[PDB]
Amino acid sequence: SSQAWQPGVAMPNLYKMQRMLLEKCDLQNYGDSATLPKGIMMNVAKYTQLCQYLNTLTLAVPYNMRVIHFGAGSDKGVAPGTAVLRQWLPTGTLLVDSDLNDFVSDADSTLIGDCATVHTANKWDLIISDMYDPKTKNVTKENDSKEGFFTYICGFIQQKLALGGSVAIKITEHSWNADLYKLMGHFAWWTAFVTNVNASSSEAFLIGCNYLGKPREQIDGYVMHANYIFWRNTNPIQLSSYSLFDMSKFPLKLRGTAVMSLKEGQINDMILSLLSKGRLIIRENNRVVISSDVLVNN
Amino acid sequence: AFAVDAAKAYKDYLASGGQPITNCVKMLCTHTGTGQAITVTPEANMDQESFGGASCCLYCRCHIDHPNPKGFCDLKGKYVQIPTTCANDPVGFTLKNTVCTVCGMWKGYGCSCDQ
Ligand SMILES: Nc1ncnc2c1ncn2[C@@H]1O[C@H](CSCc2cccc(C(=O)O)c2)[C@@H](O)[C@H]1O
Ligand SMILES: [Zn+2]
Ligand SMILES: [Zn+2]
């Protein structure tokens, strides 16, 4: 594990190609803990390593980039992950976050409520989700694909992610969705990324890199989650905070990626190739407008 | 004429020996920054910690109005640099101190405009 100086470990391609049956996740390093730098919260460390890994991918980074962050609240009432995203993203990036429960945030705008109540007029260049329901961690019943906020996320990606855009969606052994894995085949590339600080957990971020709006690959999400658990079960990851101590190249490079409005008929193979290399975003460039539905009763 | 004075209440709470507001969001950074007080990205120097601004704002954290006509917050969406010796109480520090308007450092914690 020269992996210990990386921000984390991405699922190796050969594991994605297997056809494993789903098993219980049993991590060798379960219960071990990384020693975090003095006074640093796990969620700051975790998001820092996620962003350090995203720095290695062909993310589209336009001017006036638009980023939305679901599950951004904490039981502490603050938003550590949003604070890391704002540190990472270029100055002037529009950052919106959201959570079921009230919290105080550094985002440009914050919506409180179930994510299913959230609607946006505009499309987005990057979607981050840390949403998680601890009730899913029920080891005594079958581990089937989960709906809930995953259904919202799948629709939100398909309806409101700009072509060329990217996502990072938190999953665990029990918090996962087959359609979301299938949607990973609608990006130019995808992986499941495990942070080195939280490697003792079955958590991963499902990352779709450069959205193409159509299936590039057909993925069976039940098989792929089994493949993910098999990888985790057979590849212990050494807990590590090493990458947190070198922040000199942390900020996301502002690439000024071109943004174009194009109708479905003009997305040819040459456009698809630019999208696939992180060189193009396809969306409108009007105002960012968001809202949360409020149910009225007595 | 009645207005709640949360700043006074927190100062008096601190003086009476109350434990400072916790869970201010401390950032990872190089600690080779400009050391200015309130910045668009973490700028802690060797003697400072950088925090997410909203989490260090008394009014943000207590869910109360900000004390100005506009109700505007000059910490939220920014990063605040706190001297490491004061980082046990970032909210108290920001409440009790002032930013030099010419150099941007904390008066008495980096501002050298008067020597
Ligand atoms: N449908 C939704 N709509 C909007 N928001 C949602 C939705 N579902 C979840 N969330 C939000 O995501 C975050 C999930 S963490 C929960 C957790 C579990 C175990 C340990 C910890 C810990 O850190 O100690 C935290 C919370 O803030 C939660 O409110
Ligand atoms: Zn405030
Ligand atoms: Zn000065």
# chains A, B, ... in the order shown; residues from 1 in each chain; ligands from 1
>>> interface_residues(of="chain B", to="chain A", cutoff="8 Å", atoms="only C-alpha atoms", output="list in words")
residues 23, 24, 25, 26, 27, 28, 29, 30, 40, 41, 42, 52, 53, 54, 55, 60, 61, 76, 77 and 78 of chain B
>>> write_last_selection(atoms="N, CA, C and O atoms", output="mmCIF file, in the first residue's frame")
data_model
loop_
_atom_site.group_PDB
_atom_site.id
_atom_site.type_symbol
_atom_site.label_atom_id
_atom_site.label_comp_id
_atom_site.auth_asym_id
_atom_site.auth_seq_id
_atom_site.Cartn_x
_atom_site.Cartn_y
_atom_site.Cartn_z
ATOM 1 N N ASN B 23 -17.760 22.831 17.809
ATOM 2 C CA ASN B 23 -18.071 22.379 16.453
ATOM 3 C C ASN B 23 -17.910 23.475 15.412
ATOM 4 O O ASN B 23 -18.519 23.416 14.340
ATOM 5 N N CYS B 24 -17.079 24.477 15.689
ATOM 6 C CA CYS B 24 -16.618 25.345 14.617
ATOM 7 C C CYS B 24 -15.810 24.507 13.635
ATOM 8 O O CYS B 24 -15.081 23.597 14.038
ATOM 9 N N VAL B 25 -15.948 24.796 12.345
ATOM 10 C CA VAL B 25 -15.453 23.891 11.301
ATOM 11 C C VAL B 25 -14.022 24.295 10.955
ATOM 12 O O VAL B 25 -13.805 25.259 10.234
ATOM 13 N N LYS B 26 -13.041 23.526 11.432
ATOM 14 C CA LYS B 26 -11.637 23.840 11.163
ATOM 15 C C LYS B 26 -11.205 23.199 9.849
ATOM 16 O O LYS B 26 -11.491 22.021 9.603
ATOM 17 N N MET B 27 -10.524 23.974 9.010
ATOM 18 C CA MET B 27 -10.131 23.537 7.678
ATOM 19 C C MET B 27 -8.707 22.992 7.698
ATOM 20 O O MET B 27 -7.873 23.403 8.514
ATOM 21 N N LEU B 28 -8.445 22.042 6.797
ATOM 22 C CA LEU B 28 -7.074 21.715 6.422
ATOM 23 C C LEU B 28 -6.521 22.790 5.493
ATOM 24 O O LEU B 28 -7.200 23.233 4.566
ATOM 25 N N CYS B 29 -5.281 23.215 5.744
ATOM 26 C CA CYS B 29 -4.659 24.208 4.879
ATOM 27 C C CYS B 29 -3.150 24.118 5.069
ATOM 28 O O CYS B 29 -2.659 23.400 5.944
ATOM 29 N N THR B 30 -2.423 24.895 4.258
ATOM 30 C CA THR B 30 -0.961 24.870 4.298
ATOM 31 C C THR B 30 -0.387 25.556 5.529
ATOM 32 O O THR B 30 0.738 25.234 5.933
ATOM 33 N N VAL B 40 -11.426 34.818 1.355
ATOM 34 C CA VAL B 40 -12.298 34.012 0.502
ATOM 35 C C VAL B 40 -11.895 32.539 0.487
ATOM 36 O O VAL B 40 -12.703 31.684 0.094
ATOM 37 N N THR B 41 -10.678 32.227 0.907
ATOM 38 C CA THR B 41 -10.165 30.870 1.040
ATOM 39 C C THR B 41 -9.289 30.864 2.286
ATOM 40 O O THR B 41 -8.881 31.927 2.760
ATOM 41 N N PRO B 42 -9.039 29.689 2.877
ATOM 42 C CA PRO B 42 -8.211 29.654 4.092
ATOM 43 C C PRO B 42 -6.870 30.342 3.893
ATOM 44 O O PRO B 42 -6.165 30.097 2.918
ATOM 45 N N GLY B 52 -14.313 27.562 8.718
ATOM 46 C CA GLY B 52 -15.460 27.975 7.927
ATOM 47 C C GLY B 52 -16.192 29.099 8.650
ATOM 48 O O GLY B 52 -16.464 28.993 9.856
ATOM 49 N N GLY B 53 -16.516 30.169 7.918
ATOM 50 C CA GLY B 53 -16.972 31.400 8.557
ATOM 51 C C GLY B 53 -18.318 31.265 9.246
ATOM 52 O O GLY B 53 -18.474 31.674 10.397
ATOM 53 N N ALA B 54 -19.302 30.670 8.565
ATOM 54 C CA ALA B 54 -20.632 30.545 9.169
ATOM 55 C C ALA B 54 -20.579 29.880 10.541
ATOM 56 O O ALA B 54 -21.272 30.306 11.474
ATOM 57 N N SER B 55 -19.752 28.839 10.695
ATOM 58 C CA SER B 55 -19.691 28.104 11.953
ATOM 59 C C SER B 55 -19.076 28.903 13.094
ATOM 60 O O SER B 55 -19.162 28.458 14.245
ATOM 61 N N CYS B 60 -25.269 33.396 13.240
ATOM 62 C CA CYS B 60 -25.536 32.180 12.487
ATOM 63 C C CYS B 60 -25.792 31.005 13.433
ATOM 64 O O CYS B 60 -26.796 30.295 13.300
ATOM 65 N N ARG B 61 -24.903 30.800 14.425
ATOM 66 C CA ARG B 61 -24.956 29.585 15.236
ATOM 67 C C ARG B 61 -26.140 29.586 16.195
ATOM 68 O O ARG B 61 -26.676 28.519 16.502
ATOM 69 N N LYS B 76 -20.169 34.345 6.954
ATOM 70 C CA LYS B 76 -20.726 33.228 6.208
ATOM 71 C C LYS B 76 -20.234 33.241 4.763
ATOM 72 O O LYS B 76 -20.223 34.283 4.101
ATOM 73 N N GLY B 77 -19.787 32.084 4.280
ATOM 74 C CA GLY B 77 -19.247 31.968 2.939
ATOM 75 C C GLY B 77 -17.784 32.329 2.811
ATOM 76 O O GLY B 77 -17.228 32.217 1.711
ATOM 77 N N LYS B 78 -17.151 32.756 3.895
ATOM 78 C CA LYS B 78 -15.740 33.098 3.956
ATOM 79 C C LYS B 78 -15.031 32.146 4.915
ATOM 80 O O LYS B 78 -15.630 31.218 5.472
#
>>> residues_around(residues="residue 184 in chain A", least_positions_apart="5", cutoff="8 Å", atoms="only C-alpha atoms", output="mmCIF file with N, CA and C atoms, in the first residue's frame")
data_model
loop_
_atom_site.group_PDB
_atom_site.id
_atom_site.type_symbol
_atom_site.label_atom_id
_atom_site.label_comp_id
_atom_site.auth_asym_id
_atom_site.auth_seq_id
_atom_site.Cartn_x
_atom_site.Cartn_y
_atom_site.Cartn_z
ATOM 1 N N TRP A 189 -16.701 7.783 -17.750
ATOM 2 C CA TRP A 189 -15.951 6.923 -16.844
ATOM 3 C C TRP A 189 -16.643 6.970 -15.486
ATOM 4 N N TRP A 190 -16.406 5.945 -14.668
ATOM 5 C CA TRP A 190 -17.001 5.905 -13.334
ATOM 6 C C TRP A 190 -16.125 5.063 -12.416
ATOM 7 N N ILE A 207 -18.696 7.751 -8.248
ATOM 8 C CA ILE A 207 -18.314 8.924 -9.023
ATOM 9 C C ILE A 207 -18.598 8.638 -10.488
ATOM 10 N N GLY A 208 -19.414 9.491 -11.102
ATOM 11 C CA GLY A 208 -19.624 9.472 -12.535
ATOM 12 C C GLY A 208 -18.910 10.669 -13.114
ATOM 13 N N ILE A 219 -24.838 -1.468 -17.451
ATOM 14 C CA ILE A 219 -24.404 -1.964 -16.151
ATOM 15 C C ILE A 219 -25.606 -2.537 -15.418
#
>>> select_by_dssp(residues="range 48-85 of chain B", states="strand (DSSP E or B)", output="VMD selection string")
chain B and resid 48 to 52 79 to 83
>>> residues_near_ligand(ligand="ligand 1", cutoff="8 Å", atoms="only C-alpha atoms and all ligand atoms", output="list in words")
residues 43, 70, 71, 72, 73, 74, 75, 98, 99, 100, 101, 112, 113, 114, 115, 116, 130, 131, 132, 133, 134, 148 and 149 of chain A
>>> write_last_selection(atoms="C-alpha atoms", output="PDB file, in the first residue's frame")
ATOM      1  CA  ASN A  43     -16.172  14.967   7.646  1.00  0.00           C
ATOM      2  CA  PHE A  70     -27.216  17.139  -0.896  1.00  0.00           C
ATOM      3  CA  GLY A  71     -27.057  15.823   2.654  1.00  0.00           C
ATOM      4  CA  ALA A  72     -24.906  18.753   3.775  1.00  0.00           C
ATOM      5  CA  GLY A  73     -26.177  19.128   7.343  1.00  0.00           C
ATOM      6  CA  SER A  74     -24.774  17.508  10.472  1.00  0.00           C
ATOM      7  CA  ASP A  75     -26.161  16.652  13.872  1.00  0.00           C
ATOM      8  CA  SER A  98     -29.503  21.061   1.232  1.00  0.00           C
ATOM      9  CA  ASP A  99     -30.494  18.760   4.076  1.00  0.00           C
ATOM     10  CA  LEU A 100     -33.616  17.396   5.752  1.00  0.00           C
ATOM     11  CA  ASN A 101     -32.629  19.155   9.001  1.00  0.00           C
ATOM     12  CA  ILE A 112     -34.024  22.761   4.246  1.00  0.00           C
ATOM     13  CA  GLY A 113     -36.342  19.813   3.660  1.00  0.00           C
ATOM     14  CA  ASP A 114     -36.502  16.363   2.129  1.00  0.00           C
ATOM     15  CA  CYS A 115     -34.465  16.359  -1.061  1.00  0.00           C
ATOM     16  CA  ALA A 116     -37.573  15.290  -2.972  1.00  0.00           C
ATOM     17  CA  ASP A 130     -23.664  12.574   1.354  1.00  0.00           C
ATOM     18  CA  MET A 131     -27.266  11.564   2.072  1.00  0.00           C
ATOM     19  CA  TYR A 132     -27.511   8.474   4.238  1.00  0.00           C
ATOM     20  CA  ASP A 133     -30.203   6.852   6.387  1.00  0.00           C
ATOM     21  CA  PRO A 134     -28.648   4.842   9.259  1.00  0.00           C
ATOM     22  CA  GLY A 148     -35.940   6.798  -0.965  1.00  0.00           C
ATOM     23  CA  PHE A 149     -33.517   9.603  -1.790  1.00  0.00           C
TER      24      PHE A 149
END
>>> residues_near_ligand(ligand="ligand 2", cutoff="7 Å", atoms="only C-alpha atoms and all ligand atoms", output="compact mmCIF listing (two decimals) with N, CA, C and O atoms, in the first residue's frame")
# COMPACT_ATOMS: atom_id res chain seq x y z
N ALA B 54 -19.30 30.67 8.57
CA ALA B 54 -20.63 30.54 9.17
C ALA B 54 -20.58 29.88 10.54
O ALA B 54 -21.27 30.31 11.47
N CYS B 57 -19.82 32.26 13.56
CA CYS B 57 -20.62 33.47 13.69
C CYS B 57 -21.66 33.24 14.78
O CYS B 57 -22.45 32.29 14.70
N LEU B 58 -21.64 34.09 15.81
CA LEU B 58 -22.59 33.91 16.91
C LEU B 58 -24.02 33.93 16.40
O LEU B 58 -24.86 33.12 16.83
N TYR B 59 -24.32 34.83 15.47
CA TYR B 59 -25.70 34.99 15.03
C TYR B 59 -26.14 33.83 14.16
O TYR B 59 -27.24 33.30 14.33
N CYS B 60 -25.27 33.40 13.24
CA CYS B 60 -25.54 32.18 12.49
C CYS B 60 -25.79 31.00 13.43
O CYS B 60 -26.80 30.29 13.30
N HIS B 66 -28.80 39.08 12.50
CA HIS B 66 -27.52 39.75 12.58
C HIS B 66 -27.73 41.23 12.93
O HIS B 66 -28.67 41.86 12.44
N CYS B 73 -24.23 39.07 6.99
CA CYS B 73 -23.19 38.36 7.75
C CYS B 73 -21.90 38.43 6.96
O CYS B 73 -21.85 38.00 5.81
N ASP B 74 -20.84 38.95 7.58
CA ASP B 74 -19.57 39.06 6.90
C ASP B 74 -18.64 37.89 7.20
O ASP B 74 -17.46 37.94 6.84
N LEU B 75 -19.14 36.83 7.84
CA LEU B 75 -18.38 35.61 8.02
C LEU B 75 -18.86 34.47 7.13
O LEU B 75 -18.05 33.71 6.60
N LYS B 76 -20.17 34.35 6.95
CA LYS B 76 -20.73 33.23 6.21
C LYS B 76 -20.23 33.24 4.76
O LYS B 76 -20.22 34.28 4.10
>>> residues_around(residues="residue 26 in chain A", least_positions_apart="3", cutoff="10 Å", atoms="only C-alpha atoms", output="list in words")
residues 23, 29, 30, 173, 200, 201, 202, 229, 230, 232, 233, 234 and 236 of chain A
>>> write_last_selection(atoms="N, CA and C atoms", output="PDB file, in the first residue's frame")
ATOM      1  N   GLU A  23     -22.475 -10.603  -1.146  1.00  0.00           N
ATOM      2  CA  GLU A  23     -22.186 -11.187   0.151  1.00  0.00           C
ATOM      3  C   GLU A  23     -22.248 -10.107   1.216  1.00  0.00           C
ATOM      4  N   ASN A  29     -10.277  -4.276   8.568  1.00  0.00           N
ATOM      5  CA  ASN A  29      -9.902  -3.125   9.377  1.00  0.00           C
ATOM      6  C   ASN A  29     -11.105  -2.454  10.035  1.00  0.00           C
ATOM      7  N   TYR A  30     -12.235  -3.154  10.110  1.00  0.00           N
ATOM      8  CA  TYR A  30     -13.407  -2.643  10.811  1.00  0.00           C
ATOM      9  C   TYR A  30     -13.046  -2.276  12.246  1.00  0.00           C
ATOM     10  N   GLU A 173     -22.473  -0.414   2.221  1.00  0.00           N
ATOM     11  CA  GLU A 173     -22.906  -1.790   1.977  1.00  0.00           C
ATOM     12  C   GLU A 173     -24.422  -1.867   1.809  1.00  0.00           C
ATOM     13  N   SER A 200     -12.137   2.082   7.039  1.00  0.00           N
ATOM     14  CA  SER A 200     -12.694   1.035   7.884  1.00  0.00           C
ATOM     15  C   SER A 200     -14.196   0.878   7.705  1.00  0.00           C
ATOM     16  N   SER A 201     -14.825   1.710   6.874  1.00  0.00           N
ATOM     17  CA  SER A 201     -16.260   1.683   6.636  1.00  0.00           C
ATOM     18  C   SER A 201     -16.543   1.190   5.221  1.00  0.00           C
ATOM     19  N   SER A 202     -17.715   0.575   5.025  1.00  0.00           N
ATOM     20  CA  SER A 202     -18.116   0.157   3.685  1.00  0.00           C
ATOM     21  C   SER A 202     -18.578   1.335   2.826  1.00  0.00           C
ATOM     22  N   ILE A 229     -18.715  -4.901  -3.209  1.00  0.00           N
ATOM     23  CA  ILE A 229     -18.534  -5.536  -1.903  1.00  0.00           C
ATOM     24  C   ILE A 229     -17.433  -6.593  -1.964  1.00  0.00           C
ATOM     25  N   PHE A 230     -17.365  -7.345  -3.060  1.00  0.00           N
ATOM     26  CA  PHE A 230     -16.295  -8.340  -3.211  1.00  0.00           C
ATOM     27  C   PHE A 230     -14.918  -7.678  -3.170  1.00  0.00           C
ATOM     28  N   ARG A 232     -14.148  -4.777  -1.733  1.00  0.00           N
ATOM     29  CA  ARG A 232     -13.903  -4.334  -0.363  1.00  0.00           C
ATOM     30  C   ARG A 232     -13.588  -5.516   0.551  1.00  0.00           C
ATOM     31  N   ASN A 233     -14.274  -6.648   0.352  1.00  0.00           N
ATOM     32  CA  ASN A 233     -14.071  -7.805   1.226  1.00  0.00           C
ATOM     33  C   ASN A 233     -12.688  -8.416   1.053  1.00  0.00           C
ATOM     34  N   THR A 234     -12.089  -8.299  -0.135  1.00  0.00           N
ATOM     35  CA  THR A 234     -10.820  -8.966  -0.400  1.00  0.00           C
ATOM     36  C   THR A 234      -9.637  -8.013  -0.498  1.00  0.00           C
ATOM     37  N   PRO A 236      -8.245  -5.197   1.926  1.00  0.00           N
ATOM     38  CA  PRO A 236      -8.188  -4.285   3.071  1.00  0.00           C
ATOM     39  C   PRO A 236      -7.435  -3.021   2.696  1.00  0.00           C
TER      40      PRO A 236
END
>>> residues_near_ligand(ligand="ligand 3", cutoff="6 Å", atoms="only C-alpha atoms and all ligand atoms", output="PyMOL selection string")
chain B and resi 100+102-103+105+111-113
>>> residues_around(residues="residue 86 in chain B", least_positions_apart="4", cutoff="12 Å", atoms="only C-alpha atoms", output="JSON, numbers by chain")
{"B": [20, 47, 48, 49, 50, 81, 82, 90, 91, 92, 93, 94, 96, 97, 109]}
>>> residues_around(residues="residue 8 in chain B", least_positions_apart="4", cutoff="12 Å", atoms="only C-alpha atoms", output="JSON, numbers by chain")
{"B": [3, 4, 12, 13, 14, 15, 58, 92, 95, 96]}
>>> write_last_selection(atoms="N, CA and C atoms", output="mmCIF file, in the first residue's frame")
data_model
loop_
_atom_site.group_PDB
_atom_site.id
_atom_site.type_symbol
_atom_site.label_atom_id
_atom_site.label_comp_id
_atom_site.auth_asym_id
_atom_site.auth_seq_id
_atom_site.Cartn_x
_atom_site.Cartn_y
_atom_site.Cartn_z
ATOM 1 N N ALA B 3 -34.250 44.833 22.581
ATOM 2 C CA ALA B 3 -33.521 43.992 21.642
ATOM 3 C C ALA B 3 -32.706 42.995 22.443
ATOM 4 N N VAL B 4 -32.743 41.726 22.044
ATOM 5 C CA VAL B 4 -31.869 40.753 22.679
ATOM 6 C C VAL B 4 -30.426 41.079 22.324
ATOM 7 N N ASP B 12 -20.787 37.400 28.811
ATOM 8 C CA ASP B 12 -21.048 37.179 30.232
ATOM 9 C C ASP B 12 -21.051 35.695 30.565
ATOM 10 N N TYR B 13 -21.578 34.870 29.659
ATOM 11 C CA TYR B 13 -21.513 33.425 29.844
ATOM 12 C C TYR B 13 -20.066 32.955 29.905
ATOM 13 N N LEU B 14 -19.214 33.494 29.026
ATOM 14 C CA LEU B 14 -17.806 33.106 29.022
ATOM 15 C C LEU B 14 -17.125 33.534 30.313
ATOM 16 N N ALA B 15 -17.357 34.783 30.731
ATOM 17 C CA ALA B 15 -16.741 35.286 31.955
ATOM 18 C C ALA B 15 -17.172 34.470 33.166
ATOM 19 N N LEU B 58 -21.640 34.090 15.808
ATOM 20 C CA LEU B 58 -22.585 33.909 16.906
ATOM 21 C C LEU B 58 -24.019 33.928 16.398
ATOM 22 N N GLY B 92 -16.150 33.440 20.281
ATOM 23 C CA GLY B 92 -15.747 34.503 21.191
ATOM 24 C C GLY B 92 -14.684 35.405 20.594
ATOM 25 N N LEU B 95 -16.177 37.775 18.028
ATOM 26 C CA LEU B 95 -17.044 38.759 18.672
ATOM 27 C C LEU B 95 -16.238 39.879 19.314
ATOM 28 N N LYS B 96 -15.106 39.539 19.932
ATOM 29 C CA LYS B 96 -14.351 40.451 20.780
ATOM 30 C C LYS B 96 -13.279 41.238 20.040
#
>>> residues_around(residues="residue 46 in chain A", least_positions_apart="3", cutoff="8 Å", atoms="only C-alpha atoms", output="PyMOL selection string")
chain A and resi 42-43+49-50+195+197-198
>>> atom_distance(atom1="CA of residue 191 in chain A", atom2="CA of residue 252 in chain A")
19.4 Å
>>> residues_around(residues="residue 211 in chain A", least_positions_apart="5", cutoff="6 Å", atoms="only C-alpha atoms", output="MDAnalysis selection string")
chainID A and resid 163:165 187
>>> atom_distance(atom1="CA of residue 3 in chain A", atom2="CA of residue 31 in chain A")
19.6 Å
>>> closest_residue(among="A:210, A:286, A:196, A:266", to="residue 183 in chain A", atoms="only C-alpha atoms")
A:210
>>> select_by_dssp(residues="range 104-278 of chain A", states="alpha helix (DSSP H)", output="count of residues only")
41
>>> atom_distance(atom1="CA of residue 150 in chain A", atom2="CA of residue 205 in chain A")
13.4 Å
